[PDB]
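First comes one chain, alone, set out as structure tokens in the form deposited in one PDB entry.
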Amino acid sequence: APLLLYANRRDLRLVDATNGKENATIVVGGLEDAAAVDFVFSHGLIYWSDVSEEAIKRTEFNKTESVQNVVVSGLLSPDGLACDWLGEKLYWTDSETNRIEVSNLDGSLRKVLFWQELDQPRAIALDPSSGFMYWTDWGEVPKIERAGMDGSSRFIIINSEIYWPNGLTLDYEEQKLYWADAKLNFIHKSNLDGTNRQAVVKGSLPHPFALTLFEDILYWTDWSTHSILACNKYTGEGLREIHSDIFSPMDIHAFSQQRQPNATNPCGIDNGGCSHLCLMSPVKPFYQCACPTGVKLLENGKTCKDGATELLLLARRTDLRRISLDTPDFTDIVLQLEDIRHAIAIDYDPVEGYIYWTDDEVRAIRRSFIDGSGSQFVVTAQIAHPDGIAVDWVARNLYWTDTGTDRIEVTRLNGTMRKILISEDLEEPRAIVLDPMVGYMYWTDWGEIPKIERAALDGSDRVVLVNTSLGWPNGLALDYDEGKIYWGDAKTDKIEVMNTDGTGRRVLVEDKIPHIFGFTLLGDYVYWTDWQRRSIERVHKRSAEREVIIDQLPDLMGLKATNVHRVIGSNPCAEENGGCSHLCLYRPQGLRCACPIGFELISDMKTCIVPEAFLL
């Protein structure tokens, strides 16, 4: 007696028994807007997607409430879902992020398979027997596609006689795959190639939402009629509708251990396949090696590197995000954090892996471990508009500018030992970069006469690098072992370059530049945000040519491209803090020790104490 399992927006539901007594059972319930479901029968698992919650979840078939969030991020319209009961993976399409991804059956090791040339991928079917997954994307040009469940050999099989190509489901007995259509109202049938395209229920009668099958019988949903239907597997004949008065049936599968034929796993329980991901494959070994998103795989294969090497950190108004720079996929942003109101500037310290960022409604500076409970505060007092921040990764101090108080200030990374280095009456400091070797700190500031200044790392030797033809200078990156210094200006709308001493100057490209501007350099490439702050460009600094790695991401505020772990340069401050008891600030001549407000430097030129304290 084939049990049918189907989503229903408000709940998941199991029905049929032997098609009698109308025992539709509410498997899970109290959902909000469920679309897709699937199961791994052996383990008694039921998965679904929820379009209002943008999450994918799972439960235990037994009498239990047990529900676990499985994906809860990066999803917009997950409308297709397929479990791999063999290789033990989870696949799912997302019709709006136009991605196709995979994970372990617990949401972990989440790899994006495909992401290019996808228009509204929906229905999805796995063939773990072979290494083939099938899905349908439809849009300006609809099509059914095949590829390996490993990301290989993406083949377009059926690309004609289709419009809104509908549910996918395969006959393992016959090595044929069926598909429907939500517009042209047919059911068809082919070989697992694009081959032998036969009609099973041609003619405009079927208006199926989701197809399944079990022993010669095609079942499906017609949301319109609020019904479930069924007919011969071989012709349209037999077309009765199973008992069905059902409130918006969506996705549906035959809930039967026979619809998942088990077999030999291309990796054993041995190996566990690789180090992170063993995905099935048509390729000779019949399994393939994978790392999570943005993570590259060693030349040996089978072993994934540790995390990404470079990394592009985003600051939106109300979240932070990182895009990796190790892989082609890019547009895999991923985010984190709570209580972020209005983020402005961002920077990072590869040594301890803390992200630092400014928020100018909260008026505070904070740090985190990326996707880590890193989150502590750092500064919260006497702040206005922290429009720019710089980590000094050698002396282990944190610099930040302020627009409201027109100051530059330094603290140790933990926000201790605060000390005002620069405080100008007219001009007001905006964007800031550091050179802990060579001992310089450069910064743009706006004002009645907008200039670009520089100084030693303690504010001492103020030199005005740029003075003329600058309206509102914005971003300000630094090319180190090339001694150039890139910046932007919102008013004039052109990205210029320069010699480290303010001489090699020249427009690089023209550009319409936002007032709040993200702008950073790393490895021949420059990254900035567009005028509408919904997209990020990658530009060759040596070659001048542009490109857009990610759009449709509003409220972009500030960017930082950075190595993870990797660090470069040094100076004597790295030696037990220069010998200074509090603040050690490097200069071209040589480091100078400093003190928090109220303290006093003793003739050591190394030590601070609070005056009128002791008598010694």
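Position 1 is the first residue in the sequence shown; the rest follow in order. Basically, rigid core = biggest C-alpha set you can superpose within 1.5 Å across the two forms.
Although not depicted, the form deposited in another entry is the subject of the following passage.
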Report the residue, chosen from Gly504, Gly236, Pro350, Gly483, for which the CA moves 2 Å or more between this form and the one not shown after the rigid core is overlaid.
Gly236
Once the two forms are fit on the core, has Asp461 moved its CA by at least 2 Å between this form and the one not shown?
no
With both forms fit on the core, has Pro436 moved 2 Å or more by CA between this form and the one not shown?
no
Taking the rigid core as reference, does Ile333 move its C-alpha 2 Å or further between this form and the one not shown?
yes
With a change of at least 3 Å, which way does the C-alpha separation between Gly273 and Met149 go in that other deposited form: closer or farther?
farther
The CA atoms of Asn271 and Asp150 move 3 Å or more in that other deposited form, ending up closer
